[PDB]
Structures are given as structure tokens and as C-alpha cells.
DNA sequence: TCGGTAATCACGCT
Ligand SMILES: [Mg+2]
Ligand SMILES: [Zn+2]
Ligand SMILES: [Zn+2]
């Protein structure tokens, strides 16, 4: 389990053991989305 | 084969025996300063803490 | 010692100072740049950034926004700067251009001076959230803490005798750029309150007929800010630092003996 | 601002001055020059990347006054001279 | 400091935006299948397994073995944790290895001199049946010393030092120069197109219209120096300049213009390395080649 | 020291390597320091010497008409290393003002 | 009887290695000094025990 | 790559006076009088309005989540 | 004279 977001928007939370496809789009390529935690960058 | 391992402009007289790779070195770029004496040199503090 | 205020405008001033000398003018000039403190954003905490720009770049623009620094509520002549921090937060969602004026401040005396600055453009469904922390600093440590600029020039007088062919061309030329000209039957005197590019025909006469004489002790000052401090407070604050700075010396000297 | 002496001799004083820069050092130098008893006033910043906050000052007198005494009274004047200009400035924007 | 092809860029001008350039790399770790039937899956490595790289380099990974984005990966930090399949279960029997039966750790980790933050993690499948993940990590890279600049006329050089805005020789207007170029390089290399362009930057910034400068049919030489001469300046660029350390007019007229430069990728953080005692050659037991090894 | 190395500063690369054992280190200091190599074995003449600004600065110092004032003499003797006492003396041409040659 | 430049850099080299392996030092003390720098001060006062052989 | 909010030499804000500048040059008016009509005095302020790319439009639409 | 064959052709770095 994960929550990968593909090209042309959509969500697809599946696993990792068998196959990696998007049911709605029909594609197979995935970006892992950014988290929602707080990091600290200085301005220089 | 053997005669090309012994020889061949990068064999085992010039390639590995009479010219070897060494330890305790560094390599970076140069940039002037006319405030130190004639026989001193600057050394970065990153290279100075790894030698 | 005397002053002559030529003009006062929003974020600019020009004046003439008399009764001083060459070393003092540089000390006054450098002090405005490297001693006067202002507030500036020093660190930004990101929660999410879906924009077209990198985290570092958005953080970099926040630091370049000039913030109002109320001089009647802290201390600008201290050797030890105050550490009071003001928090600038933002929570927006596209589409639309995000402006500097939308940043909210927890303290009404520290706000962006110019509200029409665009920070970043946002497309459909992209969110931008951050928290900015501002603190006092000096220009010598980082360029973001600069209150403005100062430029100064000598004050000179160009004497043009009427024996120079086509001297009438310089009178109209000087009048176009606003330099005062006092004319008499012997010659004319041009006061160079700003740069005076000599036209090419008169180069051979520079020194023979046309000569420049420096007026001892008078300097034309130009000070311009960006809106963080009034154009009148600046020179007063810098002078009060010099006094304080060169008094500590006397204290420290006695301690040695 | 702690004065770090190096050489101390007869009618001569050399020292380092932490926390200062070109701005103050040049102003104190030519102001000192005005004193006829000060034979020699000068400063240098050495290599402005490794150190740019401790100018090296040197004050030499003719023996009729000590180097510390000369320095002391000459940094009085700058405090008084700034005190003048400031009064002028304030009472002029009216 | 700007002797024999150096250059002295301003301090406050670096610190507002000049030449702030970014640098990217990418990594292409995969999941192969051997012909025996054993397929190596990637996950979080357990403490036991043979050939451990180290510990507390695994603080950024998720459960399955993928870095959740925007994390300051630096040094030799890992990127994807890979478990490999046994590789000769019965050769050694090193007094406890008969019972352990585990795996031989192989993985991917950043090259041991860089820094930066990840940007986007890809995950897909390539043609046959396997899986391959692409991870890319960026960097910020402010322009400090060493960083080679050049014009398009051939005046290459390196930042000499980085002098503050206060100590700058400035002019009888609001101008404070950026790049104080060495004057010993212009009447030695015969690059007169540098000096014509410097007037052409001052003319085409005050007039409003970008001066055409193409070969053989462009803007002529003499017509520029009249358009500058009626807009308020001397016919040859030269201006009255005051030094910033002491403050008195330098008894010369210092030349000044606008020249288009360009930064080059011979930047200094990709050159510096030090080696005390590292991994050696297998055949001779002599040090390796390159900074990547 | 940049006619022995035959270098310039357009992004070159120079490598140092520390010697370690106490016999090979006291040999490096006595036999290989820079000041022993001020003249060269190819022609006798000096090799480590002045370059671009060091020549053309020295012409502006020794021109007939190079009269420095009192502040500029005293400032430059502090910057060029030397240690002299209160003897910048004796103000050789006081014709305009008391300034040196 | 002046030394050459090759003999002066060998006498220091052998004496700086003995001064690290024991071999009690002459009047050379102050405050902290690397074993190479101790041999340089001893050679200036002319109290070196080590002599050369000149084949002739 | 949206306009830099300072100049690079003279510290002075500029991003409020770029989108008012370009919408009055797409009517045919000469830029020599438009930049003079605003508060631009030197030519160090002025070399960085007169030469810019405004490339944020192309990159934005390409998207990455 | 006269024909035949090998054996040779910067430094460092990615
Ligand atoms: Mg080179
Ligand atoms: Zn999809
Ligand atoms: Zn500018």
C-alpha cells in the first residue's frame, strides 16, 4: 500500500507485488506525491 | 593476453609500477591573493580536515 | 555648518552640507549602508508548494520585500540588536496572481511597504502555504537588510569667459538640465549641482578659457530609500550611531591602563 | 571592542582593534593628524577574507606626550563634532 | 585580486539574484529477475543482512523503500533500499552462516560529495516484467569563488574575490559597478567589439530601443557615439569616479558600460576532492580512478 | 609565484600532496622551499618576479611629477609591511604644500 | 669545513627521527614544538653530534 | 521566470512597474517616454525592465504533482 | 641500388 498519483491527475492506491496500472486512465507511470509535513529552508 | 597485459602504453611498467596512484592528496582550482608571503599557500578548511 | 534642502519627495532627498571635510563625508556615507538596521524575513517554513517555482526561489522573494521599521519603538543606535520576531503567514489557493499585499502580519507596525508586488502565479488547483519570520539585522551581514542608498558629490563652479566662441550654446544647454547660471558682462558661472557632460567642441578650451574650481567643504548629498524608513529619519539615525560607536573607544581605552 | 596591544615601546604604540572596520579607522586616522604632536598615525587591514574586523593601528609621538593620551583626546573631538552637525540637521528641516 | 584573468563581482549583487543557478541529477534503481526464479524485492533492510553499508543512513525511507519527496539528502544517504537474492548459499559456512540463510545487501546511494533535496520520484514498469524507479535530487548553488564566467568575445575568467558594496569605486550618479574587469586584458587580445558593445549597452538602455548589432549591416560605429552625446554623457564612456575606501576623485576618468556575460558550468563544487585512504584496486591494491569511485 | 607553474587563473587545477615521515618532511623544507628557486637553471635570470600590475604600478610611482601628500605617504608605508619609526622626513618640496617626492 | 645542501638535509633528517624515538633533547624546550622543529634549533647553535664521512 | 523584485545593482523595487509598463507598449507608444513617465532615473534600474522574458506561462501548464 | 616488414605518435579529467 501507498497513495501514488499518476499523470493526468488521478489517485490510485494499490500495493506493490503484481501489476502497476491506472484503471481510469489506462496508463502505467506514477509520481509519488509530496507529503504534508513542515520543513525549514533559510532565505539566502 | 599476456603481452598486452605487460605492455601497450598503459601496461605494467608505466601504467602501474613506475607511476602509481598515491594517498594524501587533493585537487581543486586556483584564485589569487596578494596579501600572503611569497612562500605560503592557501588551503581550504574542507581539505585541511581530511588530510 | 549649514544646510540647504533642495528638494524633499517621497523616498528621495537632495541637500547641500557645508562646514565639513573629506574624511567625515565617507564616514557618514558608509554608516547609512552598514549600520542602520531594518527588519527582513530571515526564514520561511513550507507546508506545500505546487507552484512552477522551487522552494528556494519563493523563499528568496520573501526576503526581498521591504518592511516598515518603526523607529519610535525599539532602539536603532544599540550595539546589541533586539531579537523581537514578527510572523508573516499566508494561505491561498489558485487560480489567480498572488500579491504581496495579501500577507497578514501579527503586529500592525511591520508590514510590506509596497503592496503591488507579484510573488508567484498559480494555476488551477495549486496551493501555496508558508510562514515567514522577520528579525532585525544589518546590511554588512546580508544585503536584504539595507535601508536604501546615499551618493554624494563635490560642489564646483565652471567659469566660462565670453572670449570662448559660441558660449551662448552652454547657457541654453545648462538651462535645459536645471543648472543655475549667473551671467555678467565679464563671464558666466555654472554651479554643477549635477553632472555636466562637456560637449565635444569645447574640449580644447577646458583649462585655457574654461576652468573648474572646487568649492572647499561643500557636498551635494542624495539619499533615497525604498519605504522602510522615512527620508528624514535616516541621516539622524546614522549620526547617532557614530556618536555611540566612537564613545565606546574612550571607555575601552581607560580599561587598558 | 577589545584593544589587543602588540608592541609597546618609547613614544610608540601598535595594537589591533577588534570589531572595527575601514569606516571608523580612516576617520580616527586623519582626525589624529590635526594634532601637531602626533608625528605618525596610520592603519592597515591585512587580507580581507580571513580577517576584516581588526585593523592594526599605529600611533607615534615626539616624546612630549604619550601615545595613549594623544589618541584619547582626539576621539573626543569626533563625538563633539558629530554632536554639532546633528543639532544643525534637526533644526534645519523646518 | 583581479590580475591575470580574474574578475571581482560585487557582494550585494550576488546576494540579490545575479547568476543563481540550479543543478539536477537523477538515479535509476530497478528490480531485476534472475533466471533461477528468485526475484529480488526492494524494502527496508533489516539489521542482520550480510554486507551492510552502515546504520542511520535509512532515516528518510518509507515502508516499501521509496523516499517521500522534499528531504535533504546529503553525503552518502541512501535513496532506495534493495535486498538481493542469496548468491551461493553453500560455499563459505563461516561458523554462523549456515543458519542465517539471508541476503547480500546491494543498494543505491548518492555520490559521496553532493547535497541537495529530492524533487520527484517516478515508479513504473519497463517492457518485460520488472520495475524501475527514477529519483531526482536538485541543489541551489550560490555563486561563490572559483566559478568560471565568460563573455561571448572570449574574456574567460574566475571570481577573484567578492568585495562588499561599501568598498566599491562608484560614479558621479547612482552607479555602482558589478564586475571590475582587469584593464590589462583589453589592449592585449584585440577585442574591440567588447568596447563597442559597452557603449551600445549604455545607448540602448537610455534611448529605449534595443540596438541592432548584426554583422555587416548593423548599427554603425559613429552614429552610436552621437546618440550618447545628446542624452547626457561624454562621447567615450569615461566618467568621474570616487573611490569607496577613502573617498576622493581618482585622477582619471574610469570607463564603464553594459556588457552581456554568461555563466559556465565549470563550477567549483564538482572539482574539489580529498582522499586520505579509500577503497583500492582488486588486482594490484592501488587506489581507484575518478571521484565517483 | 606564477611564472614557475606557467599558470593563469581561468579555472585551472593544482594538486598538493602532504609528505609524512619525519625524514621525508625535513628534506622537503630545506631543499624545496620557494625562496631557494628565485633564479632558474636555464639562463641565470630571475623567474619568480613581478608581473602585470607590479611593473606598470612602478612606473606611476617613479614618474617626474608623482608627488604624494602627507596622508598618502603615511598610509602606504603601513600597508607595505615595513616598520619604520617617525621618519617619513623631510618634506622635500614645500613649494605648494608640505608633501614628499 | 662547511656542509653542503645535501648533507645538511640528511643530518637534520636522521636527528629528527632519533628525537622522536627517545634520545633526550638538549636545551630546546619552549611550550610545544613538532619533532622536526626541534632539530632546526639544535643545528643553529652547532651542537649536532652527527658528523659526515667525506670519501676521498 | 517572473520579474526580479529588486534590481541587481541599485536596491529599488521594480515588479509593480513592469506589468503597467508592458501594457502601454502594446499600443505602439515608445518606451523611451513610458519609462521616463514612471519613476526610473538611472540606467541601472532601466536595463532590467527593458530586457526580460516573462517565461512563467509556458512552464506552468506542463504540470507536476 | 632496391624492396620490404614492424614500431613509434602530450598531461589530467568525465
Ligand atoms: Mg589555464
Ligand atoms: Zn490515472
Ligand atoms: Zn540598476
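Numbers and lists here come from the model and the stated rules, or from a named source; no laboratory read-out is quoted. We place every Cβ from the backbone using ideal geometry, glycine too, and count neighbours over all the protein chains shown.
Some points to look at:
- Residues that are within 30 Å of residue E:150 (Cα to Cα) and surrounded by fewer than 17 Cβ atoms within 10 Å (Cβ to Cβ), drawn from segment E:274-293: E:290, E:291, E:292
- Yes/no for residue C:219 being within 14 Å of chain E (Cβ to nearest Cβ) and surrounded by 19 or more Cβ atoms within 10 Å (Cβ to Cβ): yes
- Leading residue by the ranking (surrounded by the fewest Cβ atoms within 10 Å (Cβ to Cβ)) among those in segment A:3-44 that are in a strand (DSSP E or B) and more than 8 Å from every other protein chain (Cβ to nearest Cβ): A:11
- Within segment C:167-221, being touching a residue at least 12 places away in the same chain (Cβ under 8 Å) and part of a helix (DSSP H, G or I) holds for C:169, C:170, C:171, C:173, C:174, C:201, C:202, C:205.
- Just one of the listed residues (C:17, C:41) is under 24 Å from residue C:244 (Cα atoms) and part of a strand (DSSP E or B), namely C:17.
- Among the conditions (1) touching a strand residue (DSSP E or B) at 6+ places or on another chain (Cβ under 9 Å); (2) away from chain E (no Cβ under 13 Å), residue H:20 misses just one, which is (1).
- Identity of the residue in segment C:137-160, without any contact (Cβ under 8 Å) to a residue 60 or more places away in the chain, in a strand (DSSP E or B) and crowded, with 19+ Cβ neighbours inside 10 Å, that ends up nearest to the other protein chains (Cβ to nearest Cβ): C:158
- Unique match (being within 30 Å of residue E:19 (Cβ to Cβ), assigned to a strand (DSSP E or B) and more than 16 Å from ligand 1 (Cβ to nearest atom)) among E:292, E:274: E:274
- Residue count for segment F:11-38, restricted to those that are within 16 Å of ligand 1 (Cβ to nearest atom) and more than 10 Å from chain B (Cβ to nearest Cβ): 0.
- When the residues of segment E:26-43 are filtered to those that are in contact with a strand residue (DSSP E or B) (Cβ under 6 Å, 6 or more places away or on another chain) and under 29 Å from residue E:138 (Cβ atoms), the one that is surrounded by the most Cβ atoms within 10 Å (Cβ to Cβ) is E:42.
- Flag if residue C:164 is surrounded by 14 or more Cβ atoms within 10 Å (Cβ to Cβ), part of a loop (DSSP other than H, G, I, E, B), free of Cβ contacts under 8 Å to residues at least 60 places away in the same chain and outside the structural domain of residue C:33 (by CATH): yes
- Residue count for segment C:21-38 under the criterion of being outside any helix (DSSP H, G or I) and crowded, with 16+ Cβ neighbours inside 10 Å: the result is 4.
- Some residue of segment C:126-136 being in contact (Cβ under 8 Å) with a residue 40 or more places away in the chain, assigned to a loop (DSSP other than H, G, I, E, B), in the same structural domain as residue C:68 (by CATH) and more than 33 Å from the chain's Cα centre (by Cα): yes
- The residue that is farthest from ligand 2 (Cβ to nearest atom), among those in segment H:33-55 that are in a helix (DSSP H, G or I) and over 25 Å from residue E:178 (Cα atoms), is H:33.
- One residue alone among E:218, E:237 is assigned to a loop (DSSP other than H, G, I, E, B) and within 14 Å of chain H (Cβ to nearest Cβ), and that residue is E:237.
- Every test in (1) more than 8 Å from every other protein chain (Cβ to nearest Cβ); (2) under 23 Å from residue C:59 (Cα atoms) is passed by residue H:36 save one, and that test is (2).
- Within segment F:1-44, tally of residues that are within 20 Å of the chain's Cα centre (by Cα), within 16 Å of DNA strand I (Cβ to nearest atom) and surrounded by 12 or more Cβ atoms within 10 Å (Cβ to Cβ): 2
- Residue ID - surrounded by the most Cβ atoms within 10 Å (Cβ to Cβ), chosen from residues in segment F:59-80 that are in contact (Cβ under 8 Å) with a residue 24 or more places away in the chain and not in a helix (DSSP H, G or I): F:67
- Looking across segment B:13-37, just one residue is in contact with a helix residue (DSSP H, G or I) (Cβ under 6 Å, 6 or more places away or on another chain) and assigned to a loop (DSSP other than H, G, I, E, B), and that is B:29.
- Odd one out for residue E:266 among (1) in contact (Cβ under 8 Å) with a residue 40 or more places away in the chain; (2) more than 16 Å from ligand 1 (Cβ to nearest atom): (2)
- Residue within segment C:232-244 that is more than 11 Å from every other protein chain (Cβ to nearest Cβ), at negative phi and without any contact (Cβ under 8 Å) to a residue 60 or more places away in the chain present: no
- Test result for residue H:20, assigned to a loop (DSSP other than H, G, I, E, B), closer than 22 Å to residue C:98 by Cβ and away from ligand 3 (no atom under 14 Å from the Cβ): no
- Against the list (1) more than 10 Å from chain F (Cβ to nearest Cβ); (2) surrounded by 11 or more Cβ atoms within 10 Å (Cβ to Cβ); (3) part of a helix (DSSP H, G or I), the condition residue B:8 fails is (3).
- Selection status of residue H:12, surrounded by fewer than 18 Cβ atoms within 10 Å (Cβ to Cβ), away from ligand 1 (no atom under 16 Å from the Cβ) and either within 11 Å of chain E (Cβ to nearest Cβ) or farther than 21 Å from residue E:19 by Cβ (or both): no
- Looking only at residues in segment E:158-194 that are in contact (Cβ under 8 Å) with a residue 24 or more places away in the chain and in a helix (DSSP H, G or I), the one that is nearest to the other protein chains (Cβ to nearest Cβ) is E:189.
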